[PDB]
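This report refers to the structure that appears directly beneath it.
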Amino acid sequence: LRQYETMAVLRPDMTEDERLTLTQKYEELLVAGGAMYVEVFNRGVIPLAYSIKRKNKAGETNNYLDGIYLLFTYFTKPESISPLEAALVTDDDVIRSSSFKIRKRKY
Amino acid sequence: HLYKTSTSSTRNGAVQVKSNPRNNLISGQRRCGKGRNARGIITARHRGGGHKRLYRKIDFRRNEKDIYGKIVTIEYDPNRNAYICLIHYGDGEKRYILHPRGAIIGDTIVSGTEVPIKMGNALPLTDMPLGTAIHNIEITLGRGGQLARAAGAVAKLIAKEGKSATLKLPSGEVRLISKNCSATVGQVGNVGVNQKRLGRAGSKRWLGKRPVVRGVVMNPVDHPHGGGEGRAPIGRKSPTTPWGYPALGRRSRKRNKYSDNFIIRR
Amino acid sequence: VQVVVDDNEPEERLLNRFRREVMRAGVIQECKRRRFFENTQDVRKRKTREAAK
Amino acid sequence: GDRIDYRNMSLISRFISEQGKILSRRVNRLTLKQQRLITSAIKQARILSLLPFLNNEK
Amino acid sequence: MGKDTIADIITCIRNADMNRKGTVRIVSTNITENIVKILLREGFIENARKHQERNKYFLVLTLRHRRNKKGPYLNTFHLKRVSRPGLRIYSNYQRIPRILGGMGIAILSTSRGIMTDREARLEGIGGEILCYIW
Amino acid sequence: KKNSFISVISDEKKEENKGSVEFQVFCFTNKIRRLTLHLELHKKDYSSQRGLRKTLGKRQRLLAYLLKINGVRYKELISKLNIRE
RNA sequence: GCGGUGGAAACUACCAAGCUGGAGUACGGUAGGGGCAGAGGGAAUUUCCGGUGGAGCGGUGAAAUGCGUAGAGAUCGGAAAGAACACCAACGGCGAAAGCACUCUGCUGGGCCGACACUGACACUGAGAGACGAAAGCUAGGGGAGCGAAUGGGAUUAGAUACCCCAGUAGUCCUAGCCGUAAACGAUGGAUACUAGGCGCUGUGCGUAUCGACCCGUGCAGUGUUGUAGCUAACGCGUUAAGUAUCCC
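Chains as they are written, first to last, in the entry's author numbering: chain AF, 62 to 168; chain BE, 4 to 269; chain AU, 97 to 149; chain AR, 25 to 82; chain AH, 1 to 134; chain AO, 2 to 86.
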């Protein structure tokens, strides 16, 4: 197994408690297959440079100004990396789900 | 050709090379049309004959919802050329559905609201990101018409639009249709299958329809135009019965008029 | 890519010379014309080679 | 000294000038080893909108 | 690589005297040790000794230069191989070359051992002409 | 990876380490059979073809060398790795 | 000159047993637009719809064609789509050549250094042969914002079936197959050993405990040099030489 850090560019629709339940759904996906987790860093509600996904097949008067960013530093199987980013993007939230390979051990 | 499974081309030898089919069928058919272009009193609009038809089948609207699937094997149907497979839902509902693209091995295939977007089955546009690849849209919330020709059946969208109206038809430009509709979300039906050439007619053309060409062939009666030593008074309005081939324009309404916009005409 | 007028005071001075160093007509004269594809990697890097040392 | 860390907005905002354009060789004082590796950390931090692409000075 | 070790010594001494060096290190082989022996007996060099760098055995070759001028006169003006690999030259008792009319000599590997221009004529033997020094 | 490099040195019999004409060929055949299986899915690749012709050319020099020493260790090799000849 | 006999044995060659500096491999690390596939990100351009609002806009050395009061441009809000992807970029890097640069993931090649461990010359080159090929072009199916052969107008001119202006098709983009050419140029084929020096990259060792941006070495690849000897007809090249030599095409 390899060390990964997927940063889900969370859409401003989901609240503080709704991000923490997605961290618990993350545990039932990888730890239930011979894996583990490290920790979570919540950056806070930081405004966008360009409003991405302001409206895509929705109403005309709708603008997504703000946005929250969080990186999940974990440990999982190299075959369970593709259906992981696919299980995230299927929901009406999250703009982008990019997976990264980390060589450094975070404490 | 540019993709795999190139289209076989019969080399020279004797003009063309016909063939002789031979397969089997397992239910899923009524009788299909078998009377040739007629009406019971007047044939109307000539050009249309030759045997080799029958075999209709159904399955288009798809009322089933959140039900998994499993495309068994592929299959072809007369008239329309774009396969139709046979699939196999999780429960066991014998259907057909328009063969998407990458399948044959069963794959996923599933309809209903909130389902995996890829090329499963029915899926309401109401739940679609952009829709760069749909399939067969419906004028209403229950039918299954429009571009049913799986092969090349394309119709992009406009990401997210309100008023419940989008869809970007191909040569039909862009219009506005209800959003409370669903589709196969495949937009595929093989393009190489129709890329092939007929050959030299005879045992490939007539076996589907009577001569498509008429020509002046003189005779002012047999056709609005004609006569002369050999040449024909073309351009001088020579359409079978007041028609008008030089564009002109048709389809005029006021209330239930066309709700399509843009529609460029070069 | 804009310019700073973050300084207060009811002053009438331009201060458009501060951005005329980095941005200027330079990023638009390098662009807005036609690209040479190969002579952009050859001729434009040949004159900077002899002007370096 | 952190070159791979993209999550430090306070450190990387000193590297990026008043414009959204990435720093030159004359300023910041970094060699071609430290460069390209820091630019990949900026290009990544820009998609997360911590540092804007075309940063408006005001 | 090293296609011919008998040819690289000829190049290592020739380029060393042109840029006036004191000692050159060439590869250790018995046939090349026989060429440096009949080089000092005639007087073209000082002496030759055994050496070792890093588990590899090398041969010490000290050259000789004349008096000081604008460019001091060298011992060997030209060094060239006759029996190049892929063009093997063989000669008899009459076809032995007279290099510079008796001033310079040609070292050849004979059946009796390793003889020069004058030494192979007195024995009445011939063979493969390696190189000519002058 | 490291599992394919540690198995090849302990399976076949010859008292030396990786420097063997028996261990070097099965290390190259393992790199050819996995690269040809890569060319089945990635048939659009061009740069991995030069690395296939190099490893095939390096194996042909090692198999021709084993034919010159002894034919006992050569005949027991080519039948185990399942190559032509 | 050819053959035969009796010898000599260094070299070349054959045979046997080795050695190691060649070459190769493994261990552990480093850099890179190397390549293929699949995603996703930002600016801008064009187009469609709507709001505001006015008669001008566009363009040129001047103008005109063209777009405009069935009201553009400009401006704001939203949508659709295609291509390339600023800055960093560098006298940078990688690749056999061609060539390749926004970010990410998946598979994959080559190069280099370092304590070494192992084989052991298993090498170099290489007609034919096989494979790769910028762009343009061709076949079939898609796509098509911009640019733009052709082509249509305006203008310039003695004339211009050019340059310039307004439009604009094939094409340029994608998949598969085909054609294989270029100042495919460092116009100096590949491989190896040697020969004065002074400044710019990447790995690694070391330097009162590295106290520091750094200092002293040791390898790879890469520029310029009043670059020396030498070479060259000269220009120039100059240990990444057209310097001195060897192997082969």
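Idealized CB from N, CA, C, for every residue including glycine.
Counting every other CB atom within 10 Å of its CB across the protein chains shown gives residue 117(AH) a total of 16 or more, marking it as buried. The contact set of residue 102(AU) on chain AR, defined by CB atoms closer than 8 Å, consists of 81, 82 in chain order. When C-beta atoms of the segment 85-100 of chain BE are compared with those of the segment 46-56 of chain BE, fewer than three pairs fall below 8 Å, so the two segments do not count as touching.
Taking the C-beta atoms as reference points, residue 109(AF) is found nearer than 8 Å to residue 128(AF). Cα atoms of residue 171(BE) and residue 163(BE): separation of roughly 13 Å, rounded to the nearest angstrom. For the pair of segments examined, the segment 89-107 of chain AF was found to touch the segment 137-150 of chain AF: the number of CB pairs separated by less than 8 Å reaches three.
Runs of the alpha helix (DSSP H) spanning 4 or more residues and lying entirely within the segment 25-109 of chain AH occur at 30-35, 37-40, in chain order. When the Cα atoms are used, residue 107(AU) and residue 101(AU) turn out to be separated by approximately 11 Å. In this structure, residue 113(BE) sits near residue 69(BE), with a CB-CB distance shorter than 8 Å. Exposed is the label assigned to residue 124(AH), since fewer than 16 other Cβ atoms lie within 10 Å of its Cβ.
Among the CB atoms of chain AR, none fall inside 8 Å of the CB of residue 125(AU). A Cβ of chain AR is located within less than 8 Å of the beta carbon of residue 128(AF).
Taking a contact as a CB-CB distance under 8 Å, the pair residue 84(AO) and residue 56(AO) does not count as one, their CB atoms being some 13 Å apart. With its beta carbon less than 8 Å from one in chain AU, residue 44(AR) belongs to the interface. Of the candidates 60(BE), 46(BE), 74(BE), the residue whose Cα lies closest to the Cα of residue 30(BE) is 60(BE). Partner residues in a beta bridge of residue 77(AO), as assigned by DSSP, do not exist. Excluding five sequence positions before and after residue 129(BE), the CB atoms of its chain that fall closer than 7 Å to its own CB belong to 182, 183, given in chain order. The three-state secondary structure of residue 83(AO), taken from DSSP, is coil.
In the same chain as residue 260(BE), and ignoring 5 residues on each side of it, no C-beta atom comes closer than 7 Å to its own. Not one beta carbon of chain AF lies nearer than 8 Å to the beta carbon of residue 210(BE). Across the set 68(AH), 92(AH), 81(AH), 100(AH), the C-alpha of 81(AH) shows the shortest separation from the C-alpha of residue 13(AH).
The beta carbon of residue 66(AF) sits no closer than 8 Å to any beta carbon of chain BE. DSSP places residue 149(BE) in no alpha helix (DSSP H); its state is neither H nor E.
By the C-beta density criterion, residue 117(BE) is exposed, having fewer than 16 other C-beta atoms within 10 angstroms.
None of the residues of the segment 140-155 of chain AF has a beta carbon lying less than 9 Å from any beta carbon of chain AR.
Contact check for residue 39(AH) and residue 51(AH): beta-carbon distance about 17 Å, past the 8 Å limit, so the pair fails to qualify. The DSSP-derived three-state label of residue 64(AF) is strand. The beta carbon of residue 139(AU) is closer than 8 Å to those of 132 in its chain, skipping five residues each way along the sequence. Taking a C-beta distance under 8 Å as the contact criterion, residue 187(BE) and residue 264(BE) do not qualify as a contact pair. Contact annotation: residue 42(AH) and residue 64(AH) have beta-carbon atoms that are not nearer than 8 Å. Cβ proximity to chain AR below 8 Å picks out 102, 104, 107, 108, 109, 110, 111 from the segment 99-113 of chain AF. Counting only Cβ-Cβ distances below 7 Å, residue 121(AF) has contacts in chain BE at 165, in chain order. By alpha-carbon distance to residue 8(AO), the top candidate from 22(AO), 27(AO), 39(AO) is 27(AO). Straight-line measurement puts the Cα of residue 132(AH) at about 8 Å from the Cα of residue 104(AH). A Cβ of chain AF is located within less than 8 Å of the beta carbon of residue 73(AR). When beta bridges are read from the DSSP output, residue 69(AF) appears opposite 131(AF), 158(AF).
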